[PDB]
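Student: Structure below; questions to follow.
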Amino acid sequence: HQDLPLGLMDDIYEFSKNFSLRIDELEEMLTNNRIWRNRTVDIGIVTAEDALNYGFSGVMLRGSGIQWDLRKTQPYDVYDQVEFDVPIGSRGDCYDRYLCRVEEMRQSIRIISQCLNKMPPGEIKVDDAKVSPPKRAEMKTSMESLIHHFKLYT
Amino acid sequence: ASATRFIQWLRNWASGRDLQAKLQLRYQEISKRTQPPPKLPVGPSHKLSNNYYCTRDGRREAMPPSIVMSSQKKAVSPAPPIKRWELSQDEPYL
Amino acid sequence: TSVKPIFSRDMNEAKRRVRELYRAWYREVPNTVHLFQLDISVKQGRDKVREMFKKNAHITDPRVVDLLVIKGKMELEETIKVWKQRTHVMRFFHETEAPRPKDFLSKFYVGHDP
Amino acid sequence: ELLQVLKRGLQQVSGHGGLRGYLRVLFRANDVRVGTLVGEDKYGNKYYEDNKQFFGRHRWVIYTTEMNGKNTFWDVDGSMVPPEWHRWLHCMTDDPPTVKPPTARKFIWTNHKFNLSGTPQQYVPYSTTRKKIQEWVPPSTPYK
Amino acid sequence: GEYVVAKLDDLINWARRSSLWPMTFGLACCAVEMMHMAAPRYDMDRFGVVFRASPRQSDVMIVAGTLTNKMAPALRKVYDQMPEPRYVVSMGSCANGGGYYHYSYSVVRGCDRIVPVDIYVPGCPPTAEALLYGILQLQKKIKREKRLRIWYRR
Amino acid sequence: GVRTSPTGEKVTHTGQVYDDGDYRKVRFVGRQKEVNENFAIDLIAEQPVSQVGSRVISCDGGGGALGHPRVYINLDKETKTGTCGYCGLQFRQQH
Amino acid sequence: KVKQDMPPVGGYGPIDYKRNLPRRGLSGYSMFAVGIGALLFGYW
Amino acid sequence: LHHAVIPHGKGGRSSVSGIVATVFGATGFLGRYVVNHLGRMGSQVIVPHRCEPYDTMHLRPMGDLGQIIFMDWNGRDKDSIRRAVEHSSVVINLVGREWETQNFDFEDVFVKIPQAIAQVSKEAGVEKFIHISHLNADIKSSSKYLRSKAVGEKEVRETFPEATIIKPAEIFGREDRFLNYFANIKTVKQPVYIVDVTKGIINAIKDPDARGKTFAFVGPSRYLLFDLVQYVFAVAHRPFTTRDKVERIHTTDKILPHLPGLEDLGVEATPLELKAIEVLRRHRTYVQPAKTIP
Amino acid sequence: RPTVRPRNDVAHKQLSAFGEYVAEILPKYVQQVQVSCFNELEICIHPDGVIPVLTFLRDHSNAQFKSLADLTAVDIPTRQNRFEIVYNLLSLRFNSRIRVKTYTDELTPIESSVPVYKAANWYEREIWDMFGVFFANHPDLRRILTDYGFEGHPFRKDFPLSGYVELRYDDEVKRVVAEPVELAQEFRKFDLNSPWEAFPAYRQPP
Amino acid sequence: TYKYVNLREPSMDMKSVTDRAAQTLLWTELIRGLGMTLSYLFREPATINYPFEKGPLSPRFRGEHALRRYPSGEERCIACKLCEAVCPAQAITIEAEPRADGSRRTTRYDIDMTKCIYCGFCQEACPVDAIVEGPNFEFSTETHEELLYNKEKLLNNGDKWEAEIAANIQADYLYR
Ligand SMILES: CCCCCCCCCCCCCCCCCC(=O)OC[C@H](COP(=O)(O)OCCN)OC(=O)CCCCCCCCCCCCCCCCC
Ligand SMILES: NC(=O)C1=CN([C@@H]2O[C@H](COP(=O)(O)OP(=O)(O)OC[C@H]3O[C@@H](n4cnc5c(N)ncnc54)[C@H](OP(=O)(O)O)[C@@H]3O)[C@@H](O)[C@H]2O)C=CC1
Ligand code: SF4
Ligand code: SF4
Ligand code: SF4
Ligand SMILES: [Zn+2]
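Residue numbers (the entry's author numbering), protein chains in the order written: chain D, 200 to 353; chain r, 1 to 72, 91 to 112; chain W, 15 to 128; chain q, 2 to 145; chain B, 26 to 179; chain R, 1 to 95; chain Z, 5 to 48; chain P, 1 to 185, 199 to 253, 279 to 324, 334 to 341; chain C, 8 to 213; chain I, 1 to 176.
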């Protein structure tokens, strides 16, 4: 809808710089806690073949060893231009899916770091006013723009 | 950021981390809440000539489906078989 | 005019499923009244069951009859397993609706609808 | 350092004008921090800042004790902040209305009102359109 | 005597508004903003509003989200189980009047068709702060009560 | 231009007011009828007519992109002013 | 001149993401030794 | 008809019934049923209340947005009564108390207050007035509650001659003090169901022939008090107050054939046998009907 | 061209070849095969072929569509068979998607596909609930999304948006009751279609 | 590219087995978790002192609606009904007619704030900046009826909040 306000990426960088430490603290509370493991390890085991036939997707597949992530196999937008790893489970239980989700949080930071560095210039919506409304300054001076703004919003 | 040296040492030791370098509370490093005005760029269609809509009209290039068989040789798969994923070299194991 | 059936090939077999459904509903009413602590009688509940069955007495299509029995069996499963609550069972009786006028004159006085 | 910590705690008692002023803010606002006075609005609300606090606690307001004839010593409301200070207090801007005043318009309210729900000043909705169909008025004279 | 009754009314009003234990009906997205009100930045517990309470120990019900037809009897059952005095806070457009789903076949057009409502919090969702404003508005409403004064003029 | 009816109720800028026998004014008992006192019709009538030296003048409402769509107003008729259809400001040709 | 939100020239500094759970403490041998030493001192 | 009170819709919650009703004493037993039936059909209900707003909350869901309006009033302040009724087409008086208090005796609640509402309503041009009295109201009763009812019934009739006066027998229902009264423990009783009384009041508002009439609302059957109380214990599975309240319970329900009843208003009286369980189920600790006098 | 979506002829050709492949192998059931301009392959089948066609796509070594992404229905009242049943399948082995469509009416049952994909169990329950299409041999067919005792199938085009009944709490009966729907503000129908044709490429013969 | 989150073999030397026995019997990893909550006890909390302190917001924030004016005091709204048309919730109701001076103005402008989803589409669609979502978010009410805004309420919101609304628009209009 709009471009990023000036100064936002600086604050996203500042947030991202410290976030992996927050993930580490979460891991200190759960990852090796025997109570957490007793609650999660070997709970809800799903086999690879059951997962596919029941229609599972996402971590419900990767927890069971299936190597599938649509951002890699059927990429959209600019996901083919970023580098990241897909976490894969080995036991297909609640504990491995917990680990997958924690590791996916780390890989999201890795991607966010690349988006911040590679953000290009230019417009932020398709320059086709039969689809995307024109800028407000254009809508208030140019006749074609006003018509297209009127019709897009009615 | 106002914690005493002893309290900073105590919580660093208990956590096993240099907490003071990555405080979860923001101070002056954030960007100012008043910013200079932007001047945003325009798109590729902002031209005064050589810019007829019929040459850049995506919606009018859409076509009805191609009918390959209607009720009125080597075997093939829908696409080539997917390629094996490579183990990460950044960090293959946790 | 040749069609794939649901459960019944003709009205004769459809009517057999209808009667079995009615027997199940008839025998279930006493449990429903007690389980849901309803404030109606068993006679009132069984009268409603007859009323619901009778309103479809005019169907001559075994496929429509089959779907009516399927839906009636679904409605019974919800009641027997207590998936319904008191509010769901009691909705059959419309005890907060004022009786709408029936004759021409009464309808003429209140508004424009037929 | 524990002596410096205790000295600073004592400096808050004097920073608030003595024990009474320290206790008043402690009980009105549950906060005894001393900031820099940024300004005061016509209703008596006072605005403070301390940029050494973390983002979010670096600006605050001590509400007036009376606003539009309502005793607000204990009953403070977030809607008592007038619009010109509202922008500063929520960090939508960096500059307070004492530095960058709002543009004056004749029609802008001279007196801010807080939330009036539950009182005799509450808004009551109603249709703003006039009657649509005019009925025939029979003659006042008799003639059947 | 009127001075004693006025003070007794003030005492019980102060205790009841200083100790509001909510039962949250987290039905949809508005529940997330309720979570952010319990989170560290706003810390509802610092006002004496405990994070979570069982229905039999709760003083205020917060309807945080869309109330469908299927759900309505369950919500009314929980309201009838709350010990008195009990208050209801309707949070967000869905609970206030149906919101985005006002015209759906499966949605109650406002929870106030099912339970009496004390405070309406607008927004889709209301911000965590806006909900906190509503809770503090409920407290001021309780501060206005004159139960003992009205009792002794009976 | 808030005028009040014989029953004491304020008349809004849209001309609305409950009449004498209308039960609906019970909603205001113990409360108030919210009325905006700044009648835009009376406020625009205060602005002066702008004297210009052209047959055609444009109005964007002021403030550039913060105003209204820019329109051009003909000032050929000398028996009336040119009024902006968006903001109501008036113009007249000099001499 | 166009002005929109952009990264600084040269990009941002490195951001950490890999798990960092450091190793701490003594070996199992030393921990049992301190425990058993404490028991023997207490018994004595 | 003023254009705003012409009925519209199908008689549901969002419809316009055309009734603008002020209901005094709406926060008690009978009040909640009357307000519910008015709001069911889209009537504008004005609720003057003496109690805390907290005690009026159960009435809010009973009407579409805007249709239930609440006002403060005082029984001894005629200015507050005038504020409540001056916009209404009908005034309903349900004020009463089963016991006397230091501030309000039976003369205040059954004579002075009803007279004040009737007079102020008359002055304000209200066209319909419904006043609830009592079947056993009697100037020479041994119960001061029933003596005051008879005096007030007379004062209302002269002050508002077109008033509809309704005289119900003891009313039973979930929130009654009749069946519940026995459950918490010579004379014949004819108790009437709460919903029948409400339907009668609503029909009286809509019936033009009801103006100026006095009605007696009684149940279909008469019972011996002993047999009735026995029946209540059996239904509750229970093994078988003030002095004034005992007097009323021991007053035989009068037979008044010269007054119209529920039948004249289109209401079919509901037997006590169909509704006792609904009221008395909460008294069970987890049935042969009573003998009826013919 | 910056604003136009680029075509992909390689994928279009591959999907066209596989579409013929399927039509040759299951001529008993396949009625139509088409590939859209954005490269999605659709196999239209006779409803008798649901189980055979799905089993072949799941199990054939040159197909291996092991994942049922979604199963839904579309109501088109102008058709004699108003309900279009759509299966969207995913093949991880070949990184491809395919769509299988069939049809039924209000009274003709469709064979349940739970034997092929266990995912179908809840999807078919939702279709029955929302469109009233009956699935034969379903392990447990019953409503899933609507309230208990709800009458009608809301997602049919002729079912009104706000339905026929609405709920409220009634104090007299001390429970939630259902009543005919009345709306304080009626939903305002908008006539938005431009009377001028937008897409000549899709013009129908007059 | 992928990695394994849990594919490891514990060492079975005596030193490793004795390490794990000590962890089992001395609760070492549980004691480690205690250390982390202890470190938080001595950290400064994140809580702000509401309502004396407020959470930060931006000029784009979508709050309570208001109807705006031109500097002359004339209403900006010219009853075009684009806002009504675009509203995803059908929360806007508009009637209009020629004003006594011939101006194209509304006679009704209602927003049901309990239908509204606070999406901001109305202020995007408005060609004259007449309808905006303001910065106010503290307007909860005690009754449902108080949230059915008519034109008088919305004009009063515009006059009440214009000082802040205009400044916020000044900060963000070059992004629109
Ligand atoms: C010279 C000869 C002398 C002879 C004597 C020598 C004896 C010394 C050697 C033996 C020492 C034994 C220590 C006894 C402590 C209990 C040991 C124990 O049972 O821990 C194991 C227990 C279960 O282990 P688990 O991993 O869950 O499963 C194993 C089964 N397959 O796991 C647990 O119980 C974990 C506890 C769960 C609760 C966690 C909450 C507590 C964490 C904080 C603890 C703080 C320390 C307590 C201090 C108390 C101070 C009063
Ligand atoms: N229920 C019965 O068995 C029968 C009842 N009636 C009559 O029906 C009417 C209502 O019956 P019921 O509803 O059972 O009575 P309730 O006591 O249940 O309700 C009494 C109503 O009167 C109001 N009220 C009482 N005293 C005052 C007062 N001093 N000033 C203002 N309001 C007051 C109460 O308001 P608050 O809640 O504020 O106290 C309440 O709304 C009464 O007139 C009663 O005599 C007649 C025959 C039988
Ligand atoms: S009001 Fe908005 S945020 Fe809240 S539940 Fe409804 S849609 Fe979600
Ligand atoms: S914010 Fe969205 S839902 Fe609300 S009035 Fe504007 S367009 Fe409608
Ligand atoms: S507020 Fe704006 S969009 Fe809505 S009717 Fe007025 S001018 Fe048109
Ligand atoms: Zn203009």
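Ideal Cβ positions, reconstructed from N, Cα and C, are used throughout, including at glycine.
1. Residue ranges of each alpha helix (DSSP H) run of no fewer than 4 residues wholly in the segment 59-138 of chain B, ordered along the chain?
2. Please list the segments of the alpha helix (DSSP H) lying wholly inside the segment 71-135 of chain q, counting only runs of 4 or more residues, in order along the chain.
3. In three-state DSSP terms, what is residue 29 of chain R?
4. At 4 residues or longer, and completely inside the segment 24-59 of chain P: list those alpha helix (DSSP H) runs for me, N to C.
5. Between I:40, I:61 and I:41, which has its C-alpha nearest residue 172 of chain I's C-alpha?
6. Specify the secondary structure class of residue 11 of chain R as computed by DSSP and reduced to three states.
7. So if I threshold CB-CB distances at 9 Å, which residues from the segment 294-315 of chain P count as touching chain C?
8. Residue 65 of chain W: buried (16+ other C-beta within 10 angstroms of its C-beta) or exposed?
9. Residues in the segment 99-125 of chain W with C-beta within 9 Å of chain B's C-beta atoms, listed in sequence order?
10. Comparing C-alpha positions only, which one of B:27, B:39 and B:95 sits nearest to residue 164 of chain B?
11. At what residue ranges does the segment 13-53 of chain I contain a whole run of the alpha helix (DSSP H), taking only runs of 4 or more?
12. In angstroms, rounded to a whole number, what distance separates the CA positions of residue 344 of chain D and residue 336 of chain D?
13. Is any heavy atom in ligand 7 found nearer than 7 Å to the beta carbon of residue 81 of chain I?
14. Shorter than 8 Å from the beta carbon of residue 350 of chain D to some beta carbon of chain R?
15. Residue 54 of chain R and residue 70 of chain R: beta carbons closer than 8 Å?
16. If we count Cβ pairs, one from each stretch, closer than 8 Å, do we get three or more for the segment 107-114 of chain q versus the segment 127-138 of chain q?
17. In the structure shown, what three-state DSSP assignment does residue 161 of chain I receive?
18. Tell me whether the beta-carbon of residue 81 of chain B lies closer than 8 Å to the beta-carbon of residue 108 of chain B.
19. Closer than 8 Å by C-beta to residue 28 of chain C: which residues in its own chain qualify, once you throw out the five before and the five after it? Chain order, please.
20. Taking the straight line between their C-alpha atoms, what separation do you get for residue 166 of chain I and residue 70 of chain I?
21. So, helix, strand or coil for residue 22 of chain Z, using DSSP?
22. Under a Cβ-count criterion, where at least 16 other Cβ atoms within 10 Å of its own Cβ denotes burial, should residue 168 of chain I be classed as buried or exposed?
23. May I ask you to report which of helix, strand or coil DSSP gives residue 28 of chain q?
24. With distance defined between alpha-carbon atoms, name the residue in P:3, P:9, P:1 and P:22 nearest to residue 215 of chain P.
25. Under 8 Å, Cβ to Cβ, is there at least one residue of chain P near residue 84 of chain C?
26. Report the option in R:13, R:9 and R:6 whose CA atom is closest to the CA atom of residue 150 of chain I.
27. For residue 115 of chain C, which beta-bridge partners are listed by DSSP?
28. So, is residue 165 of chain C buried or exposed, given that buried needs 16 or more other C-beta atoms within 10 angstroms?
29. Which residues bound the alpha helix (DSSP H) around residue 31 of chain B?
30. Taking the DSSP output, what are the residues bridged to residue 182 of chain C?
31. Tell me which same chain residues have a C-beta within less than 8 Å of the C-beta of residue 185 of chain C, skipping the five on either side of it?
32. Taking 7 Å as the cut-off, is the CB of residue 135 of chain B close to at least one heavy atom of ligand 3?
33. Does residue 175 of chain C get closer than 8 Å to chain I when you measure Cβ to Cβ?
34. Any heavy atom of ligand 3 closer than 7 Å to the Cβ of residue 91 of chain B?
35. Between residue 4 of chain C and ligand 5, is the CB less than 7 Å from at least one heavy atom?
Tutor: Per the coordinate set shown:
1. 97-106 and 117-122
2. 84-90
3. coil
4. 29-40
5. I:61
6. coil
7. none
8. exposed
9. 99, 100, 101 and 102
10. B:39
11. 14-26 and 28-41
12. 9 Å
13. The model on display carries ligand 1, ligand 2, ligand 3, ligand 4, ligand 5 and ligand 6 but not ligand 7.
14. no
15. no
16. no
17. helix
18. yes
19. 69
20. 11 Å
21. coil
22. buried
23. helix
24. P:22
25. no
26. R:13
27. Residue 115 of chain C pairs with nothing; no bridge assigned.
28. exposed
29. 27-42
30. C:177
31. 172, 173 and 174
32. no
33. no
34. yes
35. A question about residue 4 of chain C goes unanswered here, because the residues of chain C that appear run from 8 up to 213.
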